[PDB]
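None of the figures in this text is laboratory data; all of them are computed from the coordinates on show. Note: ideal-geometry Cβ built from the backbone for every residue, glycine included; neighbour counts use all protein chains shown.
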Ligand SMILES: *[C@@H]1O[C@H](CO)[C@@H](O)[C@H](O)[C@H]1NC(C)=O
Ligand SMILES: *[C@@H]1O[C@H](CO)[C@@H](O)[C@H](O)[C@H]1NC(C)=O
Ligand SMILES: *[C@@H]1O[C@H](CO)[C@@H](O)[C@H](O)[C@H]1NC(C)=O
Ligand SMILES: *[C@@H]1O[C@H](CO)[C@@H](O)[C@H](O)[C@H]1NC(C)=O
Ligand SMILES: *[C@@H]1O[C@H](CO)[C@@H](O)[C@H](O)[C@H]1NC(C)=O
Ligand SMILES: *[C@@H]1O[C@H](CO)[C@@H](O)[C@H](O)[C@H]1NC(C)=O
Ligand SMILES: *[C@@H]1O[C@H](CO)[C@@H](O)[C@H](O)[C@H]1NC(C)=O
Ligand SMILES: *[C@@H]1O[C@H](CO)[C@@H](O)[C@H](O)[C@H]1NC(C)=O
Ligand SMILES: *[C@@H]1O[C@H](CO)[C@@H](O)[C@H](O)[C@H]1NC(C)=O
């Protein structure tokens, strides 16, 4: 109920339809479990990271098979075939080449570490906001209006379950900005004046909860000429009859 | 290279000229006092579009900066992949080996400049087709100046977001990787030991950063709460 | 200084509608490098000693392809947030607001807006073998760098589809408010949407309805003012021009590096091969090969750094588009100075 009040829907609608909400939540959880069980190509990022690291190590190993202008790529052969003072040239060439390879590998590792650090910071702030609280930012914790968040641990990463609110099928209604009862403009406190065929009601923004127009739902202000689209109707007074 | 007529005229004491790349582009013929220009014979990029070799062996070739008419000027199997009957000029060079299709679907292999290539059953024969990209379903909103739409129902939805947290920590032994059980070597590495120390310091910094990331992401709260025994959550099943 | 007492308060009596411009880079030019062409330059004597460094060549090509696919991912993520494409309404009747400048004009190619036309004209951004062969007098750098295996790949999504996505987003946010961000779009009169925004920034909705004409006039005047300022002040799109100039300078200096001999007797392979026997020429060839490989590696590393910075900026732009455009943000200064109302 607190979450529903947070996303701008009155808390009573949750208590009116609790069983449906529980059934929908359970069905959605089962559906995503089945999707994870079936669709294998879902955890692309973690596999990409581990494959990238393995490929970097494998190519670093493979670099040893190239002679950087020397006569051979193995120190034992050079040392067996040549005297020290002249073989030192080939040894120096190989040393320079392998140092360059190591430096390149280290630099690429630094780049990847910086990118992973950025991703980790994003994950940390997402955990702080969406999981430990309710976020009013749009699309930060999933499409729709955010309600809850359940974290799960995955190797070299994290997966979030963003439980969200999505409005279903709608209807077409005729609306007016204000209502002129008796020479006085009236404006809705929280909702919008919606009119069906031959009646006027007031409803909340994100749900259809028709209500009769009373002095407790509207506040008076101004006159009946300034507003562009004012219409005539009647306002119920819940004190005069008594 | 390829020789051609040149408008430039050298000074009497000059023989050949050099460009910004410091290579010989213009020369003066010794037999006939004439100026000629030299240009490389290779110019242009080629890319090979293909589905998995597990699927099929057919390929489509994209020439980046060559019109299909001038393909013979640019360049058995290669000639077949250069002949016509399937040419299709695009905004990023002409494409040979694929069939144009009017319909638009989601992209599979991005050719570039709004063209995508994919494997489809153009009848159960298979052929590589090229089509324009599909942005999405067209739609319009019935907008008036006194009309509003209001939802009457709600649907609870759950989604998954996956983010990397850390990578594998590694360390490198420079002397072992370079020389290897060699007393003759590892004696000339005393000069580059400083570079070795620099690499080791960088790798240790990366590793401690990874540990810090792993700690920071999941250890936000300190007090550890035991799960309750009785669920009685009003209907929600957190099994 | 502020006249501060302990029982005194100041309260505004009027409001002014203001609009600002925020420019962020999204993507950089994609490049690919043919290492063998750049090093050996079509010599069969060379390209036989590059079999040892083919691994380095493959590494560079892999890194550059990764950068290119990252660029495509960035430009897709920034603008393709919403999927359903909404057609702009025919009748405007928006209560006074005139969105003519930003709404697309179908009387021109690519159906791009007036502001988009001016922005495209502000930033000063295909070739052929015959064109490069014939045009010798004008030493254009594009042909020279293309003769050395340096090619520029086009983006997957061109400007027309970007304009289409922008028009769809604008039409959705105008005819449906922010409800089209989550679920299906719901039509709402623009006055009601503006009242919703005013209620969001803590100002009672009635003050909007009492002062609609003044607000519409202020909005139109502000739009015209920024249009004139952008048409006059040229030094406004500094970041995008800086990005393209940086990429062009990097390519130009990579081309220029070919004129230095890394300790060899000469900087051209043809001269060394014509003056020396193979066994003693291989030393100079190896020196030049090592130098040019170092140059290519340096260029690749700098490109990686720039790509990382651009990715960070693109992520910021994507979240800004998600928050300020598809909704109303209560964070201060995130969507401009003042209290945020709209975003186009
Ligand atoms: C409008 O709502 C009132 C409320 O009772 C109802 O009596 C009336 O039939 C409705 N009009 C139409 C056209 O359904
Ligand atoms: C717009 O609304 C006004 C009243 O607010 C109405 O008089 C007018 O007819 C409406 N526009 C159209 C095209 O009907
Ligand atoms: C509303 O009522 C006033 C006074 O009774 C009248 O002048 C006005 O014309 C009415 N409006 C409509 C739309 O009938
Ligand atoms: C050089 O010899 C060629 C062939 O014998 C001849 O065509 C040419 O005219 C000669 N050049 C001069 C300057 O006589
Ligand atoms: C193609 O790939 C599938 C899935 O990886 C595999 O089962 C199949 O055996 C492959 N084809 C061949 C000819 O091996
Ligand atoms: C070459 O291709 C371009 C692509 O825009 C086209 O405009 C031009 O007419 C073509 N020229 C020839 C000779 O094919
Ligand atoms: C699509 O365009 C091509 C080229 O004009 C044409 O041959 C084909 O018939 C078109 N397809 C349809 C379904 O109109
Ligand atoms: C709302 O949706 C649920 C499930 O789709 C359905 O059982 C319920 O009847 C719907 N509400 C109304 C008022 O039809
Ligand atoms: C508020 O500012 C507008 C435009 O500057 C002006 O027309 C209006 O009179 C001002 N309000 C008051 C109460 O002076």
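Filtering C:263, C:336, C:327 for residues that are within 12 Å of chain A (Cβ to nearest Cβ) and in contact with a helix residue (DSSP H, G or I) (Cβ under 9 Å, 6 or more places away or on another chain) leaves a single hit, C:327.
With respect to (1) closer than 26 Å to residue C:140 by Cα; (2) in contact with a strand residue (DSSP E or B) (Cβ under 7 Å, 6 or more places away or on another chain); (3) within 14 Å of chain A (Cβ to nearest Cβ), the lone exception for residue C:295 is condition (2).
Restricting C:230, C:269, C:276 to residues that are in contact with a helix residue (DSSP H, G or I) (Cβ under 8 Å, 6 or more places away or on another chain), surrounded by fewer than 18 Cβ atoms within 10 Å (Cβ to Cβ) and within 16 Å of residue C:43 (Cβ to Cβ) narrows the list to C:276.
Checking each residue in region C:201-214 for being more than 20 Å from residue A:218 (Cβ to Cβ), away from ligand 2 (no atom under 16 Å from the Cβ) and not in a loop (DSSP other than H, G, I, E, B) picks out only C:214. For region C:31-55, a tally of residues being at the interface with another protein chain (Cβ under 8 Å from one of its Cβ atoms) and in a helix (DSSP H, G or I) returns 2.
Residue B:55: within 11 Å of chain C (Cβ to nearest Cβ) and more than 22 Å from residue C:259 (Cα to Cα), yes or no? No, not satisfied.
Candidates are the residues of region A:217-242 that are loosely packed, with under 12 Cβ neighbours inside 10 Å and away from every other protein chain (no Cβ under 13 Å); the one that is nearest to ligand 9 (Cβ to nearest atom) is A:232.
Against the conditions (1) more than 8 Å from chain B (Cβ to nearest Cβ); (2) closer than 30 Å to residue B:223 by Cβ, residue A:164 satisfies every one except (1). Within region A:194-224, being within 16 Å of ligand 3 (Cβ to nearest atom) and in contact with a strand residue (DSSP E or B) (Cβ under 9 Å, 6 or more places away or on another chain) holds for A:195, A:200, A:213, A:222, A:223, A:224.
Scanning region B:69-82 for residues that are surrounded by 12 or more Cβ atoms within 10 Å (Cβ to Cβ) and within 21 Å of residue B:118 (Cα to Cα) yields B:81, B:82.
All of B:66, B:48 fail the test of being within 14 Å of chain C (Cβ to nearest Cβ), loosely packed, with under 14 Cβ neighbours inside 10 Å, within 22 Å of residue B:97 (Cβ to Cβ) and away from ligand 2 (no atom under 16 Å from the Cβ), apart from B:48. I need the full set of residues from region B:100-118 which are surrounded by 17 or more Cβ atoms within 10 Å (Cβ to Cβ) and either within 18 Å of residue B:52 (Cβ to Cβ) or within 16 Å of ligand 3 (Cβ to nearest atom) (or both), in order please. Of everything in region B:100-118, those that are surrounded by 17 or more Cβ atoms within 10 Å (Cβ to Cβ) and either within 18 Å of residue B:52 (Cβ to Cβ) or within 16 Å of ligand 3 (Cβ to nearest atom) (or both) turn out to be B:107, B:110, B:111, B:116, B:117, B:118. Taking residue B:62, is it in a strand (DSSP E or B) and within 16 Å of ligand 6 (Cβ to nearest atom)? Criteria met by residue B:62. Just wondering, is there one or more residues in region B:92-99 that are surrounded by 12 or more Cβ atoms within 10 Å (Cβ to Cβ), farther than 20 Å from residue C:143 by Cα and either within 11 Å of another protein chain (Cβ to nearest Cβ) or within 16 Å of ligand 4 (Cβ to nearest atom) (or both)? Among the residues of region B:92-99, not one is surrounded by 12 or more Cβ atoms within 10 Å (Cβ to Cβ), farther than 20 Å from residue C:143 by Cα and either within 11 Å of another protein chain (Cβ to nearest Cβ) or within 16 Å of ligand 4 (Cβ to nearest atom) (or both), which makes the answer no. Assessment of region B:189-201 against the conditions (in a helix (DSSP H, G or I), facing chain A (nearest Cβ under 9 Å), under 33 Å from the mean Cα position of the chain (by Cα) and within 17 Å of residue A:111 (Cα to Cα)) yields at least one matching residue. Where residues in region B:17-45 are out of contact with any helix residue (DSSP H, G or I) (no Cβ under 9 Å at 6 or more places or on another chain) and part of a loop (DSSP other than H, G, I, E, B), which of them is surrounded by the most Cβ atoms within 10 Å (Cβ to Cβ)? The selected residue is B:34.
The lone criterion from (1) surrounded by 15 or more Cβ atoms within 10 Å (Cβ to Cβ); (2) more than 16 Å from ligand 1 (Cβ to nearest atom) left unmet by residue B:150 is number (2). For residue B:212, the stated conditions hold: it is out of contact with any helix residue (DSSP H, G or I) (no Cβ under 6 Å at 6 or more places or on another chain), loosely packed, with under 15 Cβ neighbours inside 10 Å and closer than 30 Å to residue A:119 by Cβ.
Inclusion of residue B:162 among residues that are facing another protein chain (nearest Cβ under 7 Å), away from ligand 5 (no atom under 16 Å from the Cβ) and surrounded by 17 or more Cβ atoms within 10 Å (Cβ to Cβ) is not warranted.
Collect the residues in region A:78-90 that are more than 8 Å from chain B (Cβ to nearest Cβ) and in a helix (DSSP H, G or I), keeping them in residue-number order.
Within region A:78-90, the first condition is being more than 8 Å from chain B (Cβ to nearest Cβ), and the residues that meet it are A:78, A:80-83, A:85-87, A:89-90.
Within region A:78-90, A:78, A:80, A:81, A:85, A:86, A:87, A:89, A:90 qualify.
With B:67, B:103 as the choices, which residue is away from ligand 8 (no atom under 16 Å from the Cβ), closer than 24 Å to residue B:40 by Cα and in contact with a strand residue (DSSP E or B) (Cβ under 8 Å, 6 or more places away or on another chain)?
None of the others qualify; the one that does is B:67.
Put simply, of A:152, A:169, A:204 the only residue that is within 16 Å of ligand 8 (Cβ to nearest atom) and more than 8 Å from every other protein chain (Cβ to nearest Cβ) is A:204. Flag set for residue A:75, criterion: buried (at least 16 other Cβ atoms within 10 Å of the Cβ), over 25 Å from residue B:161 (Cα atoms), out of contact with any helix residue (DSSP H, G or I) (no Cβ under 6 Å at 6 or more places or on another chain) and facing chain B (nearest Cβ under 10 Å). Only one entry in C:43, C:32 is under 26 Å from residue C:251 (Cα atoms) and exposed (fewer than 15 other Cβ atoms within 10 Å of the Cβ), namely C:43.
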